[PDB]
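Down below is the structure, laid out as structure tokens.
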Amino acid sequence: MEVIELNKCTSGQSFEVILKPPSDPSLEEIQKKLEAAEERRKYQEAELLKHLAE
Amino acid sequence: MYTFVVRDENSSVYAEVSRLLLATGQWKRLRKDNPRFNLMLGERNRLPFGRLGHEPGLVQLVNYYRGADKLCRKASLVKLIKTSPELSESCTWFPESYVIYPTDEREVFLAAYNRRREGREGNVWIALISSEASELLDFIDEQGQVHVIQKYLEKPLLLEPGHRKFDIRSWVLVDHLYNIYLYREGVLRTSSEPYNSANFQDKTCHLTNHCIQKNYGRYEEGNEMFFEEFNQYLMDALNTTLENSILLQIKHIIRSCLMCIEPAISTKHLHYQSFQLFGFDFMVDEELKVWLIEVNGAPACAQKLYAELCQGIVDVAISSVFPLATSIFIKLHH
Amino acid sequence: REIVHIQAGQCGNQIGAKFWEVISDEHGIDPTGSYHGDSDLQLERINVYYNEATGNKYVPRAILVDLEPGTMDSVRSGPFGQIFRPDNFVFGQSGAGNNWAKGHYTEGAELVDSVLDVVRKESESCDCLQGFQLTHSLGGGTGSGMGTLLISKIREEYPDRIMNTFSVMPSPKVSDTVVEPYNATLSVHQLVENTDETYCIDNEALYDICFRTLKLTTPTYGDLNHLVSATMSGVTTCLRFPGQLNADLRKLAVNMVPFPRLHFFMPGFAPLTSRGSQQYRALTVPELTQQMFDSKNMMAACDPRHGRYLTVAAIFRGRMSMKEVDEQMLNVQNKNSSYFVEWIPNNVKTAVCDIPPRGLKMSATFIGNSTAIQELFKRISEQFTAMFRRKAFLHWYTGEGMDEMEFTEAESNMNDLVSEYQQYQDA
Amino acid sequence: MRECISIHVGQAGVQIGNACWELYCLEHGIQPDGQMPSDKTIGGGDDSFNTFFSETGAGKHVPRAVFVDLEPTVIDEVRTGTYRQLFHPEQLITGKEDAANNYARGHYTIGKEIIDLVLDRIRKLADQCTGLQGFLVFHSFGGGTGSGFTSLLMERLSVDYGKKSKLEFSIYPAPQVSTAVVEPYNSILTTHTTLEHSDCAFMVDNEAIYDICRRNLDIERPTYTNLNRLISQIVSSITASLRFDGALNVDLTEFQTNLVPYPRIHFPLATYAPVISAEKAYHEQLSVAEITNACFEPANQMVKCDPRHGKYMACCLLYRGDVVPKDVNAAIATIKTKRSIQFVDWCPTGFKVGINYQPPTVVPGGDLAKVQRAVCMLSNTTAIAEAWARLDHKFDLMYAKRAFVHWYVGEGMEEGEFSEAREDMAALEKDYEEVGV
Ligand SMILES: Nc1nc2c(ncn2[C@@H]2O[C@H](COP(=O)(O)OP(=O)(O)OP(=O)(O)O)[C@@H](O)[C@H]2O)c(=O)[nH]1
Ligand SMILES: Nc1ncnc2c1ncn2[C@@H]1O[C@H](COP(=O)(O)OP(=O)(O)CP(=O)(O)O)[C@@H](O)[C@H]1O
Ligand SMILES: Nc1nc2c(ncn2[C@@H]2O[C@H](COP(=O)(O)OP(=O)(O)O)[C@@H](O)[C@H]2O)c(=O)[nH]1
Ligand SMILES: O=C1NC(=O)[C@@H](c2cn3c4c(cccc24)CCC3)[C@@H]1c1c[nH]c2ccccc12
Ligand SMILES: [Ca+2]
Ligand SMILES: [Mg+2]
Ligand SMILES: [Mg+2]
């Protein structure tokens, strides 16, 4: 019903129509997560090479 | 070879349906959590509609209409009828009702309670049945959940011999094309003990539930009068038929209720499809005027009518979608 | 992403040479190593299996290994014998005498370093090596014993590379010696730990197919290898040709293997054909789909209805309606959803390649990770136990320094593997 | 004028980026060699299109975009594609080996060795900006790179560019065009890690796009190219306000303002119409009322769901072509009385409307026919949570058996992150539930 905020230009136009009213981690922590996961990889690989060594 | 799953073990209706499907030898039952199904006989609560129609290479159908609960809950039915222009508010076939929350439209209910008292006319209501507003509001707050207060039909049609009360159950099947099918066989769930007008405390002759009644089995087998007998009674005792005096109003009410919610629940252009069996409860006053009491989303059938109805469901709701290698339904046209 | 091929032992080299013979023809490469095709589809991913030299010569990235020169001399004088890099021929003189111990601990240990030098030389040339594929038998000594030794040492030097194997399982129906169940059990123990993907090529299945289906009265190893080379060409299609997914060895492993030890696949193929006999009628897509899923078309003597498919990869080759392929493959899953585990959603994937194999207008290759594969390992385990309970023929192994305990350990781990496959069959 | 940098991660991101930037060029009259005859301010300026295109003294207009894939295959086709001259080498970043459909491999393992390089190449673009708004990030949910590396990038961007907005164009996985069996894992994992870092994300279910191409373009088997050209049209409709003169959604912050009242619930549903086949001989052009009514058909949505059984928080209609406010308002009034459109109680029942008189541009030789008027509706409805429910269910089935989990643990990821991600998703479904019912 109610059309508001009609803005017009050469490219087109825009408006709003209402029908009814109502009723972060740091760089440190990131580098810590990535490196800690790298340690778990290194540990797994070391356990493999140790197993292969046996 | 079609496939289906069962997720409501307590469904007496669809326990018979699953049986009939297997007996064709063209339907195979899968486990509960097998997603590769054609048909889903879904649970009554938290039915995962969101997970339907996303299986490539499978046309999927479910035995429930998402959103049909608005019609099949007492608090919702009142709100639906009162807010929907197609029904509200001069609805002639639904009793005057109000939504009441425990400590809403409580002040609105009392405004009407005054007219009946300051008019010296019938002023009996139902949630328990009482003629005092204070007795009712104290009962709702003592229970806990949301209740509905409704005008009690003080002048119901009474069967003879017995001077008994009754209510009519009609089974309606809405298929995937939203064709509204009325089962030609209904049932009168009668009271055996004579209707008492003064004493509302005795709820055995006021409430006509099959469980409460179980004078059980005196007049007819199991307090259930079918349509052939009830029609014969109307002809002999009132010089009319079931069709003219009652069934036209019934078909009208059913048609009107489901037409109202069609755009909200229709699965016409959906990725999955739905059908559902409803059980409409009607009440007839002494002037042969039909009143809608409510709608049950998960109705049980009468023992005599299981074989015919359940087979009927397969023919028009299932086999219509999944064909295999006169009619018991009345199509309410719209 | 380059693949380094290795073939060890008599069986490994004979199916290995046959594999290169088949796919070279598919990629338009002649024995000289020169390309003479007509489609650019042939050369797009030819780097996966072939090195390129000056003058546009294509040389297989293959290393041929054995402990006796007999079989490898036959390769070098075979049809595509000249295509192989002569320096990649690494062989001993003593042989292995169908002895796992000789291949793994004594005779093979003496030669294994020479092989790894050739592996290293090939790998350093790779822009980005994705992994290795090995062809060998498990019933002999070289392919079984030294083959699993190589795998272990390759893992040590390339622990972040994929190891794939085409492992030929022994069968009394096609048997060389009585000690094959010993060699096989010892090898399975190794494959469980040190491979990501193993195609179980069962000689029992191959024999039955040749006898029952192909109506070959007395099938030879050549007849058996016609089915192998057909299967091998199929399962590697998505690695060798441009596809929708451009599959590699790692992505295959991730999608096929839900649990690390359960990586033993049942291959299947359709249509089943015998050598020489050309078929004139192309199979319809429904026929390809029905046949490839049939037990008669399985290269592993296991009844797929006795288990459940964890994962399935399929490839249709030839000019056909990919829509029809989709419908038929979806139909199989929807008709027999009980033979597919429900706790791995959408565990069946199908691809299509325009280029069909030689002599067929269309074919379908099957790769299944089924729990029914336990029937294979149970069969080997029974034959193992029948001899081991009396310590029969064990002196051939203890004579090479092995102890009885190593046999007991190998037995236990294969029985564990069986029970692991059984665990998910009732999930 | 304020600049926007587009980031394309993984195969899906890159190939969709190609479709979008191709279309952007055609809409603005930019040629493959980067020359734009209509731009009379040689060597620079601050027009609306400069939001996406920077300028060189030679008169070349280059995208403010970075392409990143852990595998060189896909981006190599950009380096040699028809628009090879458009971008310059520093924008196209490639690794050696992909993430192998593994979130952990893309996030932790391989992501760690290239994250610094990418941020450096992004910083170079940001230096050429006078007033950076933020970023538009294109990626898949299912890919190892699209899921893994994206979440890592989005984390660092919130650190390096804390004041900047970040929008997502995400591809929701569909079995019909599956690349991996573990795509549900990757989807849940990347959503959990990216959620707090994304201001507004537009999900596109490949299932929906695939079926729209089959149904409306009569393409039996849609290719990635078919999907992407349709997607680029939707993306273009959404970003048109940033690249053309207007007064609706003129900046990135306004997207969150007009579509996202609740931060966590920042997944608006996109619906587009009309989709018409180019080889359709006879076509009756559709009116404003017909295309607007189509915005409420599930068959036209980027994600298949049922908005009737949810609640709206916001709704934008973006028209392109012969459209005037009068016909829009007439269309809305009719639709309102015919369809179920429930807004949440704490929101006004209304529509923000944007119109561009230029009809949608079609790629020559494409599958889309030229139309006189089109519309894209952006509605923040709780019904899109059906997609999360589907996804979380597939996740639960596999994770109950810890299937394929070892592949992720092997890359250094903890099994606890699976349960942590799934818990965050469980809370998200609850959030939608509270708002919706
Ligand atoms: N719409 C669309 N989806 C795509 C496209 N390419 C890939 N996808 C989807 O993306 C998902 C897989 O992610 P990809 O982008 O292919 O893989 P990635 O991001 O490169 O990650 P990795 O390859 O594993 O390192 C699948 O569900 C595909 O359907 C595309 O061009 N268009
Ligand atoms: N407004 C009214 N006036 C008169 N009688 C009424 C009434 N509302 C209900 N009744 C009587 O009360 C009985 C039970 O009420 P109600 O229908 O709410 O319970 P119910 O849910 O068990 C029916 P169903 O079992 O089919 O769901 C009805 O069968 C009818 O006998
Ligand atoms: N399919 C096939 N199997 C073979 C062939 N040659 C040997 N085998 C099998 O391999 C086992 C013998 O191993 P073999 O390769 O000969 O021993 P090795 O040379 O020391 O590795 C037996 O179980 C045979 O059935 C062959 O040409 N084809
Ligand atoms: O191209 C491909 N890459 C993959 O990872 C394969 C795959 C297996 N599963 C997948 C799943 C999802 C997506 C892709 C794949 C479900 C379970 C198993 C797929 C493939 C289909 N048929 C083949 C024949 C030979 C080699 C590879 C393939
Ligand atoms: Ca300029
Ligand atoms: Mg031999
Ligand atoms: Mg990729």
Exercise. Name the most mobile residue of C:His306, C:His189, C:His104, meaning the one with the largest mean-square fluctuation, in a Gaussian network model of chain C with Cα contacts below 10 Å.
Key: C:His306
Practice problem: Give the Debye-formula value of log10 I(q)/I(0) at each listed q (0.14, 0.18, 0.26 Å⁻¹), with one equal scatterer per alpha carbon of region B:96-154, two decimals each. | Solution: -0.34, -0.56, -1.15
Quiz item: Amide H of D:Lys166: which non-local residues (sequence gap of 5 or more, or other chain) have their own amide H closer than 5 Å, using H built in the peptide plane?
Solution: D:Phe135, D:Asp199, D:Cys200
Quiz item: With N residues in region C:1-58, what two-decimal value do you get for its Cα radius of gyration over 2.2 N^0.38 Å?
Solution: 1.17
Quiz item: Magnitude of the Cβ-charge dipole of the protein assembly as shown, K/R +1 and D/E -1, about the Cα centre, nearest 20 debye?
Solution: 2440 debye
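If you wrap a convex hull around the Cα atoms of region B:169-240, how much volume per residue is inside, in Å³?
On the way: hull volume 10.1 nm³, N = 72.
Once divided by residue count, the hull of region B:169-240 is 140 Å³.
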Quiz prompt | For region A:3-17, 3J(HN,Hα) per residue [Karplus equation, 6.51 cos²θ - 1.76 cosθ + 1.60, θ = phi - 60°, Hz, x = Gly/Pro] | solution = 9, 9, 6, 6, 10, 10, 8, 6, 6, x, 7, 9, 6, 9, 10
Quiz item: Out of residues 5 or more away from D:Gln342 or on other chains, whose amide H comes under 5 Å of its own, with H placed 1.01 Å from N in the peptide plane?
Solution: D:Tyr312
Quiz prompt | Column: log10 I(q)/I(0), Debye, Cα scatterers of chain D, q = 0.14 Å⁻¹ | solution = -1.40
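Based only on the alpha carbon positions, what is the Kirkwood hydrodynamic radius of region C:319-427, in angstrom?
Working: mean 1/r = 0.0553 Å⁻¹.
In region C:319-427 this quantity evaluates to 18.1 Å.
In peptide D:399-411, how many Cβ atoms from other protein chains are near each Cβ within 10 Å, on average?
Working: counts 1, 2, 8, 2, 11, 8, 2, 5, 7, 1, 3, 5, 5.
The mean count of partner-chain Cβ atoms within 10 Å per residue comes to 5.
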Quiz item: Antiparallel DSSP bridges in region D:269-383: what percent, to the nearest 5?
Solution: 75 percent
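Over the Cα atoms of region B:78-227, what is the Rg over Rh ratio if Rh follows Kirkwood?
Numbers: Rg = 17.8 Å, Rh = 17.8 Å.
Rounded to two decimals, Rg over Rh is 1.00.
Give me the compactness ratio for region D:134-287, meaning the Cα radius of gyration over 2.2 N^0.38 Å. Before the final figure, lay out each step's value.
Working: Rg = 16.9 Å, N = 154, 2.2 N^0.38 = 14.9 Å.
Scaled against compact globular proteins, the figure is 1.13.
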Quiz prompt | Inter-label distance, nm, simple model (7 Å from Cα along the C-beta direction), C:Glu110/D:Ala333 | solution = 10.0 nm
Quiz item: Once phi is turned into ³J(HN,Hα) by the Karplus curve 6.51 cos²θ - 1.76 cosθ + 1.60 with θ = phi - 60°, what whole-Hz value does each residue of region B:143-150 show in order, with x for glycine and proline?
Solution: 8, x, 7, 7, 10, 10, 9, 9
Quiz item: Expressed as a whole percent, how much of the Cα-Cα distance distribution for region D:188-265 exceeds 22 Å?
Solution: 44 percent
Exercise. Along Cα→Cβ, 7 Å out, is where each label goes; now give me the distance between the ones at B:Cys211 and D:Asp76 in nm to one decimal.
Key: 7.2 nm
Practice problem: For chain B, build the charge dipole from Cβ charges (+1 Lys, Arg; -1 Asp, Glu) around the Cα centre, then report which of B:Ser170, B:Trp291, B:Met40 sits farthest towards its positive end. | Solution: B:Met40
Quiz prompt | 10 Å binning of all Cα-Cα separations within region D:42-97, expressed as whole percents from 0 upward | solution = 23, 45, 25, 7, 0
Exercise. Could you work out the mean count of beta carbons from other protein chains within 10 Å of each residue's beta carbon in D:90-100?
Key: 3
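To the nearest 20 Debye, how big is the dipole of region D:384-437 about its Cα centre, given +1 on the beta carbon of each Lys and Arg and -1 on that of each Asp and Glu?
Values: 6 positive and 14 negative charges, 74 e Å.
So the magnitude is around 360 debye.
As an exercise, use a Förster radius of 25 Å and the Cβ-Cβ distance of C:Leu41 and D:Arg221 to find the FRET efficiency, rounded to the nearest 0.05.
Details: r = 18 Å, r/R0 = 0.74.
Efficiency for this residue pair is about 0.85.
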Quiz item: Mind listing the phi-derived Karplus ³J(HN,Hα) values for region C:393-402, rounded to whole Hz, using 6.51, -1.76 and 1.60 with θ = phi - 60°, and x for any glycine or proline?
Solution: 6, 7, 5, 5, 9, 5, x, 9, x, 6
Quiz prompt | Straight-distance crosslink candidates among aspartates and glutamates, where the alpha carbon sits under 17 Å from C:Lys296 and sequence neighbours closer than 8 are dropped | solution = C:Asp202, C:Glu204, C:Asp208, C:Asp223, C:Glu287, C:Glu375
Quiz prompt | Spin-label zone in region C:162-182 - amide nitrogen under 20 Å from a point set 7 Å from the Cα of C:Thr218 along the C-beta vector | solution = C:171-177
Practice problem: Could you check the simple spin-label distance between B:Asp69 and B:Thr92, using points 7 Å along Cα→Cβ, in nm with one decimal? | Solution: 3.4 nm
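Listed here are the pairs B:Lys32/D:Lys304; B:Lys268/D:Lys304; B:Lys214/B:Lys304; D:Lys60/D:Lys163; B:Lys32/D:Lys401; B:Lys251/B:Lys331; which of them are more than 21 Å apart at the Cα?
On the way: B:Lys32/D:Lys304 24 Å; B:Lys268/D:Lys304 14 Å; B:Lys214/B:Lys304 18 Å; D:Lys60/D:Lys163 30 Å; B:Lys32/D:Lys401 18 Å; B:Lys251/B:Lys331 10 Å.
Result: B:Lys32/D:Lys304; D:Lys60/D:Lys163 exceed 21 Å.
For chain B, rounded, prolate or oblate, judged on the Cα gyration tensor with a ≥ b ≥ c (square roots of eigenvalues), a/c < 1.5 rounded, else prolate if a/b > b/c? Can you show the working numbers first?
Values: a/c = 2.02, a/b = 1.50, b/c = 1.34.
Prolate shape, in that a/c is at least 1.5 and a/b is the bigger ratio.
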Quiz item: Along the Cα-to-Cβ line of B:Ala300, 7 Å from the Cα, sits a label point; which residues in region B:6-31 have backbone N less than 14 Å from it?
Solution: B:9-16
Practice problem: Determine the dipole magnitude for region D:269-383: charges of +1 sit on the beta-carbon of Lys and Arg, -1 on that of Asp and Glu, nothing else is charged, the reference point is the Cα centre, and the result goes in debye to the nearest 20. | Solution: 260 debye
Quiz item: Hey, which of these cross-link pairs are over 18 Å Cα-Cα: D:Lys326/D:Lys370; C:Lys323/C:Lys349; D:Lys166/D:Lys430; C:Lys251/C:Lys349; C:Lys251/D:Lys96; C:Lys173/C:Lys378?
Solution: D:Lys326/D:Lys370; D:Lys166/D:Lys430
Quiz prompt | Top positive-direction residue, dipole computed over the protein assembly as shown with Cβ charges, set D:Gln256, D:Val62, D:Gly350 | solution = D:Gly350
Quiz item: If you count, for every residue in C:337-350, the Cβ atoms of partner chains within 10 Å of its Cβ, what is the mean?
Solution: 6
Self-check item: Under the Debye formula (equal points on every Cα, no solvent term), log10 I(q)/I(0) of region B:1-63 at q = 0.20 Å⁻¹
Solution: -0.75
Exercise. Place +1 on the Cβ of every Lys and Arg and -1 on the Cβ of every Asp and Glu in the protein assembly as shown, take the dipole about the Cα centre, and give the residue among C:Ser337, D:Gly366, D:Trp388 whose Cα lies farthest towards its positive end.
Key: D:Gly366
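Average projected area of the Cα convex hull of region B:19-134, in nm²? Please report the intermediate quantities before stating the final value.
Values: hull surface 49.9 nm².
Projected over every direction and averaged, the Cα hull of region B:19-134 covers 12.5 nm².
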Exercise. Give the percent of DSSP beta bridges with both residues in the protein assembly as shown that are antiparallel, rounded to the nearest 5.
Key: 55 percent
Quiz prompt | Alpha carbon Rg of region D:384-437, scaled by the compact-globule rule 2.2 N^0.38 Å | solution = 1.29
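Quick one, can you get me the convex hull of the C-alpha atoms of region C:181-254 expressed as volume per residue in Å³? If you can, show how the numbers build up before the last one.
Numbers: hull volume 8.8 nm³, N = 74.
Dividing the Cα hull volume of region C:181-254 by its residues yields 119 Å³.
With only alpha-carbon pairs counted, each pair once and no self-pairs, how large is the Kirkwood hydrodynamic radius of the protein assembly as shown in angstroms? Walk me through the intermediate numbers first.
Details: mean 1/r = 0.0287 Å⁻¹.
It works out to 34.8 Å.
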Quiz item: Computed over the Cα atoms of region C:1-258, what is the convex hull's projected area averaged over all directions, in nm²?
Solution: 13.9 nm²
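At a Förster distance of 22 Å, what's the computed FRET efficiency of C:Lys335 paired with B:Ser319, Cβ-Cβ distance as r, to 0.05? Walk me through the numbers on the way to the answer.
Details: r = 19 Å, r/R0 = 0.88.
So the FRET efficiency works out to roughly 0.70.
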Self-check item: Counting DSSP beta bridges with both ends in chain B, the antiparallel % (nearest 5)
Solution: 80 percent
Quiz item: Once amide H atoms are placed 1.01 Å from N in the peptide plane, what residues at a sequence separation of 5 or more from B:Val62, or on another chain, have their amide H within under 5 Å of its amide H?
Solution: B:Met40, B:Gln273, B:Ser274, B:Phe275
Quiz item: Taking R0 as 56 Å, what's the FRET efficiency between C:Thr385 and D:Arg264 from their Cβ-Cβ distance, rounded to 0.05?
Solution: 0.40
Quiz prompt | Principal axis dimensions, largest first and in whole angstrom, of region C:259-372 by Cα | solution = 41, 30, 24
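Cβ sites come from the backbone with ideal geometry, for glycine too, and all protein chains shown count toward neighbours. Coordinate-derived values only; no laboratory data.
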